[PDB]
>>> print(open('work32.pdb').read())   # PDB, C-alpha atoms and all ligand atoms
ATOM      1  CA  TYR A1316      20.871  91.258  48.953
ATOM      2  CA  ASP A1317      17.494  93.046  48.728
ATOM      3  CA  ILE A1318      15.988  92.747  52.282
ATOM      4  CA  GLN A1319      12.482  93.646  50.981
ATOM      5  CA  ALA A1320      12.348  91.329  47.936
ATOM      6  CA  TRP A1321      10.616  88.503  49.768
ATOM      7  CA  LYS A1322       7.317  90.368  49.887
ATOM      8  CA  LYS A1323       6.608  90.461  46.129
ATOM      9  CA  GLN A1324       8.053  86.936  45.833
ATOM     10  CA  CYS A1325       5.470  85.765  48.415
ATOM     11  CA  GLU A1326       2.686  87.698  46.647
ATOM     12  CA  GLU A1327       3.544  85.875  43.378
ATOM     13  CA  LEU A1328       3.752  82.479  45.074
ATOM     14  CA  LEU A1329       0.313  83.166  46.691
ATOM     15  CA  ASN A1330      -1.089  84.016  43.203
ATOM     16  CA  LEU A1331       0.237  80.650  41.917
ATOM     17  CA  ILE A1332      -1.278  78.847  44.910
ATOM     18  CA  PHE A1333      -4.671  80.528  44.293
ATOM     19  CA  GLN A1334      -4.608  79.405  40.563
ATOM     20  CA  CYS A1335      -3.885  75.792  41.734
ATOM     21  CA  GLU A1336      -7.019  73.610  42.003
ATOM     22  CA  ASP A1337      -5.507  71.895  45.058
ATOM     23  CA  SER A1338      -5.796  75.145  47.086
ATOM     24  CA  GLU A1339      -9.608  75.403  46.822
ATOM     25  CA  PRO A1340     -10.404  73.880  50.287
ATOM     26  CA  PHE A1341      -7.845  76.218  51.868
ATOM     27  CA  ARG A1342      -8.630  79.584  50.150
ATOM     28  CA  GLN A1343     -11.023  80.809  52.841
ATOM     29  CA  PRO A1344     -11.585  79.921  56.541
ATOM     30  CA  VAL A1345     -13.051  76.417  57.119
ATOM     31  CA  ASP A1346     -16.865  76.651  57.243
ATOM     32  CA  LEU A1347     -18.123  75.631  60.688
ATOM     33  CA  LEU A1348     -21.565  74.772  59.274
ATOM     34  CA  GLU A1349     -19.869  72.203  56.963
ATOM     35  CA  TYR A1350     -17.484  70.950  59.767
ATOM     36  CA  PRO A1351     -19.256  71.521  63.104
ATOM     37  CA  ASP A1352     -16.543  69.977  65.275
ATOM     38  CA  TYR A1353     -13.657  71.843  63.526
ATOM     39  CA  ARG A1354     -12.804  74.100  66.490
ATOM     40  CA  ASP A1355     -12.885  71.124  68.898
ATOM     41  CA  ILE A1356      -9.835  69.724  67.030
ATOM     42  CA  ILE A1357      -8.166  72.880  65.624
ATOM     43  CA  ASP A1358      -7.069  75.668  67.979
ATOM     44  CA  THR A1359      -5.753  78.081  65.363
ATOM     45  CA  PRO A1360      -7.520  78.167  62.001
ATOM     46  CA  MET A1361      -5.548  79.456  59.043
ATOM     47  CA  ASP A1362      -6.258  79.832  55.329
ATOM     48  CA  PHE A1363      -4.643  81.423  52.261
ATOM     49  CA  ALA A1364      -6.900  84.517  52.147
ATOM     50  CA  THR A1365      -5.903  85.302  55.763
ATOM     51  CA  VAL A1366      -2.185  84.885  54.810
ATOM     52  CA  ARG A1367      -2.593  87.135  51.732
ATOM     53  CA  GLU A1368      -4.473  89.748  53.784
ATOM     54  CA  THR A1369      -1.806  89.714  56.558
ATOM     55  CA  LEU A1370       0.930  90.162  53.912
ATOM     56  CA  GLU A1371      -0.937  92.968  52.117
ATOM     57  CA  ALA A1372      -1.679  94.784  55.371
ATOM     58  CA  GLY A1373       2.103  94.913  56.071
ATOM     59  CA  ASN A1374       1.691  92.609  59.082
ATOM     60  CA  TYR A1375       4.462  90.112  58.275
ATOM     61  CA  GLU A1376       8.006  91.244  59.104
ATOM     62  CA  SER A1377       9.739  88.323  57.344
ATOM     63  CA  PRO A1378       8.990  85.405  54.997
ATOM     64  CA  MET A1379       9.578  83.052  57.981
ATOM     65  CA  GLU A1380       6.437  84.395  59.643
ATOM     66  CA  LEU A1381       4.428  83.878  56.415
ATOM     67  CA  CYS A1382       5.909  80.359  56.079
ATOM     68  CA  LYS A1383       4.815  79.537  59.676
ATOM     69  CA  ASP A1384       1.185  80.520  58.855
ATOM     70  CA  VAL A1385       1.208  78.568  55.541
ATOM     71  CA  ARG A1386       2.585  75.505  57.389
ATOM     72  CA  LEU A1387      -0.230  75.831  59.936
ATOM     73  CA  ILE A1388      -2.797  75.486  57.028
ATOM     74  CA  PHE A1389      -1.193  72.104  56.234
ATOM     75  CA  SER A1390      -0.767  70.908  59.862
ATOM     76  CA  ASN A1391      -4.442  71.824  60.530
ATOM     77  CA  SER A1392      -5.521  69.668  57.559
ATOM     78  CA  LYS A1393      -3.347  66.782  58.836
ATOM     79  CA  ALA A1394      -4.797  67.084  62.343
ATOM     80  CA  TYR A1395      -8.431  67.353  61.134
ATOM     81  CA  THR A1396      -8.400  64.608  58.533
ATOM     82  CA  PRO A1397     -10.242  61.399  59.485
ATOM     83  CA  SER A1398      -7.901  59.477  57.162
ATOM     84  CA  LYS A1399      -4.473  59.802  55.571
ATOM     85  CA  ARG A1400      -6.241  59.017  52.254
ATOM     86  CA  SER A1401      -8.967  61.697  52.481
ATOM     87  CA  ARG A1402      -9.435  63.921  49.409
ATOM     88  CA  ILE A1403      -8.802  67.251  51.148
ATOM     89  CA  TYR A1404      -5.798  65.941  53.089
ATOM     90  CA  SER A1405      -4.349  64.475  49.866
ATOM     91  CA  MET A1406      -4.716  67.940  48.224
ATOM     92  CA  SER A1407      -2.946  69.559  51.210
ATOM     93  CA  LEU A1408       0.106  67.262  50.746
ATOM     94  CA  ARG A1409       0.504  68.156  47.051
ATOM     95  CA  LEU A1410       0.030  71.851  47.779
ATOM     96  CA  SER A1411       2.550  71.629  50.646
ATOM     97  CA  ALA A1412       5.127  70.031  48.333
ATOM     98  CA  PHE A1413       4.589  72.824  45.743
ATOM     99  CA  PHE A1414       4.782  75.577  48.430
ATOM    100  CA  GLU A1415       7.993  74.096  50.034
ATOM    101  CA  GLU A1416       9.674  73.769  46.608
ATOM    102  CA  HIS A1417       8.989  77.478  45.914
ATOM    103  CA  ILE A1418       9.512  79.054  49.361
ATOM    104  CA  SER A1419      13.005  77.570  49.826
ATOM    105  CA  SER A1420      14.728  80.225  47.657
ATOM    106  CA  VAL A1421      12.642  83.033  49.159
ATOM    107  CA  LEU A1422      13.792  82.103  52.679
ATOM    108  CA  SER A1423      17.397  81.528  51.554
ATOM    109  CA  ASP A1424      17.617  84.894  49.711
ATOM    110  CA  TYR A1425      16.060  86.763  52.625
ATOM    111  CA  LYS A1426      18.374  85.235  55.248
ATOM    112  CA  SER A1427      21.397  85.847  53.007
ATOM    113  CA  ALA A1428      20.335  89.500  52.491
ATOM    114  CA  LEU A1429      19.858  89.991  56.217
ATOM    115  CA  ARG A1430      23.293  88.480  56.988
ATOM    116  CA  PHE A1431      24.841  90.857  54.412
ATOM    117  CA  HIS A1432      23.044  93.775  56.036
ATOM    118  CA  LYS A1433      24.695  92.977  59.435
ATOM    119  CA  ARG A1434      28.094  91.868  58.039
TER     120      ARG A1434
HETATM  121  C1  LIG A1501      -9.931  72.324  55.189
HETATM  122  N1  LIG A1501     -10.507  71.054  55.652
HETATM  123  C2  LIG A1501     -11.968  71.054  55.802
HETATM  124  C3  LIG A1501      -9.633  69.981  55.910
HETATM  125  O1  LIG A1501      -8.453  70.217  56.020
HETATM  126  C4  LIG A1501      -9.982  68.571  55.966
HETATM  127  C5  LIG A1501      -9.021  67.521  56.174
HETATM  128  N2  LIG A1501      -9.603  66.321  56.061
HETATM  129  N3  LIG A1501     -10.918  66.607  55.797
HETATM  130  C6  LIG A1501     -11.212  67.944  55.734
END
>>> encode(input="work32.pdb", output="structure tokens")
Amino acid sequence: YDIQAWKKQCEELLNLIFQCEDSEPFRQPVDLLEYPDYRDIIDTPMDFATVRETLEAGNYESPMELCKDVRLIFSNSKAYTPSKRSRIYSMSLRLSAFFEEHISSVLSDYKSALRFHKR
């Protein structure tokens, strides 16, 4: 029932994601010189260094907000990909599966702790 535990749990999951080779295209903002039309397709860029920075600055109130930004990294890749078989999109699906498998308990424990707090 620790209401603050999610933060270190998210920091550790971000460390795992950064050690994963599949995260490389998503570690920093998409380079507009490499993908000139990126902002014509994507309205809200997102990347793992921005998520880590937001977390470390104390600018996420809950793991749900962090989860929303991580899911936006994956939906941006899906929207930008020219093919469902592209290399970078294929990496995003594996990384998404790994992130969802690990964030599930973080979200569950946080919501349970918050419900206990207002019991
Ligand atoms: C990060 N990035 C450039 C992408 O998500 C992408 C998706 N398909 N091709 C490139």
>>> closest_atom_pairs(input="work32.pdb", of="chain A", to="ligand LIG 1501 (chain A)", cutoff="6 Å", atoms="all atoms listed in the file", output="CSV")
residue,atom,partner,partner_atom,distance
A:1340,CA,A:LIG1501,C1,5.2
A:1341,CA,A:LIG1501,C1,5.5
A:1345,CA,A:LIG1501,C1,5.5
A:1392,CA,A:LIG1501,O1,3.4
A:1395,CA,A:LIG1501,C5,5.0
A:1396,CA,A:LIG1501,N2,3.2
A:1401,CA,A:LIG1501,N2,5.9
A:1403,CA,A:LIG1501,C5,5.0
A:1404,CA,A:LIG1501,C5,4.7
>>> closest_residue(input="work32.pdb", among="A:1386, A:1356, A:1405, A:1376", to="residue A:1425", atoms="only C-alpha atoms")
A:1376
>>> atom_distance(input="work32.pdb", atom1="atom CA of residue A:1338", atom2="atom CA of residue A:1370")
17.8 Å
>>> resolve_selection(input="work32.pdb", expression="the PyMOL selection byres (((chain A and resi 1419) around 12) and not hetatm)", output="ChimeraX atom specification")
/A:1321,1324-1325,1328,1378-1379,1382,1412-1418,1420-1426
>>> closest_residue(input="work32.pdb", among="A:1363, A:1402, A:1317, A:1348", to="residue A:1331", atoms="all atoms listed in the file")
A:1363
>>> closest_residue(input="work32.pdb", among="A:1389, A:1433, A:1369, A:1359", to="residue A:1409", atoms="only C-alpha atoms")
A:1389
>>> axis_aligned_box(input="work32.pdb", around="stretch 1413-1419 of chain A", padding_each_side="8 Å", output="JSON")
{"center_x": 8.8, "center_y": 75.9, "center_z": 47.9, "size_x": 24.4, "size_y": 22.2, "size_z": 20.3}
>>> atom_distance(input="work32.pdb", atom1="atom CA of residue A:1400", atom2="atom CA of residue A:1344")
22.0 Å
>>> closest_residue(input="work32.pdb", among="A:1316, A:1353, A:1393, A:1377", to="residue A:1431", atoms="only C-alpha atoms")
A:1316
>>> atom_distance(input="work32.pdb", atom1="atom CA of residue A:1387", atom2="atom CA of residue A:1323")
21.2 Å
>>> residues_around(input="work32.pdb", residues="residue A:1342", least_positions_apart="4", cutoff="10 Å", atoms="only C-alpha atoms", output="list in words")
residues 1332, 1333, 1337, 1338, 1361, 1362, 1363, 1364, 1365, 1366, 1367 and 1388 of chain A
>>> closest_residue(input="work32.pdb", among="A:1319, A:1352, A:1394, A:1375", to="residue A:1428", atoms="only C-alpha atoms")
A:1319
>>> decode(input="work32.pdb", residues="stretch 1343-1403 of chain A", atoms="C-alpha atoms", output="PDB file, in the first residue's frame")
ATOM      1  CA  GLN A1343      15.777  10.324 -28.036  1.00  0.00           C
ATOM      2  CA  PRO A1344      13.371  12.544 -30.056  1.00  0.00           C
ATOM      3  CA  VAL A1345      12.960  11.492 -33.729  1.00  0.00           C
ATOM      4  CA  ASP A1346      15.504  13.378 -35.872  1.00  0.00           C
ATOM      5  CA  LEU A1347      13.702  15.650 -38.338  1.00  0.00           C
ATOM      6  CA  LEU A1348      16.735  15.683 -40.659  1.00  0.00           C
ATOM      7  CA  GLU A1349      16.442  11.856 -40.941  1.00  0.00           C
ATOM      8  CA  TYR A1350      12.565  11.968 -41.223  1.00  0.00           C
ATOM      9  CA  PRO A1351      11.637  15.336 -42.772  1.00  0.00           C
ATOM     10  CA  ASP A1352       7.890  14.704 -42.903  1.00  0.00           C
ATOM     11  CA  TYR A1353       7.681  13.372 -39.291  1.00  0.00           C
ATOM     12  CA  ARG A1354       5.725  16.344 -37.895  1.00  0.00           C
ATOM     13  CA  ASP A1355       3.284  16.241 -40.843  1.00  0.00           C
ATOM     14  CA  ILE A1356       2.113  12.816 -39.556  1.00  0.00           C
ATOM     15  CA  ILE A1357       2.854  13.013 -35.796  1.00  0.00           C
ATOM     16  CA  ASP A1358       1.304  15.783 -33.689  1.00  0.00           C
ATOM     17  CA  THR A1359       2.898  14.874 -30.367  1.00  0.00           C
ATOM     18  CA  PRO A1360       6.408  13.422 -30.439  1.00  0.00           C
ATOM     19  CA  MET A1361       7.474  11.328 -27.476  1.00  0.00           C
ATOM     20  CA  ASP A1362      10.597   9.350 -26.600  1.00  0.00           C
ATOM     21  CA  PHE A1363      12.064   7.516 -23.592  1.00  0.00           C
ATOM     22  CA  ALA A1364      14.542  10.261 -22.586  1.00  0.00           C
ATOM     23  CA  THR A1365      11.624  12.737 -22.391  1.00  0.00           C
ATOM     24  CA  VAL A1366       9.660  10.224 -20.216  1.00  0.00           C
ATOM     25  CA  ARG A1367      12.680   9.658 -17.923  1.00  0.00           C
ATOM     26  CA  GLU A1368      13.286  13.417 -17.647  1.00  0.00           C
ATOM     27  CA  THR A1369       9.588  14.110 -16.836  1.00  0.00           C
ATOM     28  CA  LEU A1370       9.688  11.394 -14.134  1.00  0.00           C
ATOM     29  CA  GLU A1371      12.970  12.661 -12.649  1.00  0.00           C
ATOM     30  CA  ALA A1372      11.761  16.263 -12.621  1.00  0.00           C
ATOM     31  CA  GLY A1373       8.780  15.165 -10.451  1.00  0.00           C
ATOM     32  CA  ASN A1374       6.340  16.011 -13.256  1.00  0.00           C
ATOM     33  CA  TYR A1375       4.318  12.775 -13.253  1.00  0.00           C
ATOM     34  CA  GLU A1376       1.695  12.463 -10.505  1.00  0.00           C
ATOM     35  CA  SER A1377       0.901   8.783 -11.181  1.00  0.00           C
ATOM     36  CA  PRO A1378       2.175   5.789 -13.181  1.00  0.00           C
ATOM     37  CA  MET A1379      -0.932   6.153 -15.416  1.00  0.00           C
ATOM     38  CA  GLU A1380       0.425   9.443 -16.744  1.00  0.00           C
ATOM     39  CA  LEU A1381       3.834   7.830 -17.451  1.00  0.00           C
ATOM     40  CA  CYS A1382       2.064   4.866 -19.118  1.00  0.00           C
ATOM     41  CA  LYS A1383       0.104   7.287 -21.380  1.00  0.00           C
ATOM     42  CA  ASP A1384       3.384   8.898 -22.589  1.00  0.00           C
ATOM     43  CA  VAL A1385       5.077   5.488 -23.134  1.00  0.00           C
ATOM     44  CA  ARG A1386       2.015   4.318 -25.120  1.00  0.00           C
ATOM     45  CA  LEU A1387       2.257   7.461 -27.261  1.00  0.00           C
ATOM     46  CA  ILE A1388       5.871   6.408 -28.260  1.00  0.00           C
ATOM     47  CA  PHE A1389       4.370   3.164 -29.625  1.00  0.00           C
ATOM     48  CA  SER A1390       1.262   4.721 -31.265  1.00  0.00           C
ATOM     49  CA  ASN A1391       3.535   7.318 -32.961  1.00  0.00           C
ATOM     50  CA  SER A1392       5.675   4.499 -34.414  1.00  0.00           C
ATOM     51  CA  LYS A1393       2.519   2.700 -35.632  1.00  0.00           C
ATOM     52  CA  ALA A1394       1.180   5.883 -37.237  1.00  0.00           C
ATOM     53  CA  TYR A1395       4.524   6.810 -38.879  1.00  0.00           C
ATOM     54  CA  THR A1396       5.498   3.407 -40.212  1.00  0.00           C
ATOM     55  CA  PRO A1397       5.168   2.948 -43.990  1.00  0.00           C
ATOM     56  CA  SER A1398       4.636  -0.785 -43.396  1.00  0.00           C
ATOM     57  CA  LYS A1399       3.514  -3.162 -40.661  1.00  0.00           C
ATOM     58  CA  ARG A1400       6.745  -5.101 -41.400  1.00  0.00           C
ATOM     59  CA  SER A1401       9.186  -2.167 -41.080  1.00  0.00           C
ATOM     60  CA  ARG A1402      12.235  -2.720 -38.845  1.00  0.00           C
ATOM     61  CA  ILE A1403      11.572   0.158 -36.438  1.00  0.00           C
TER      62      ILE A1403
END
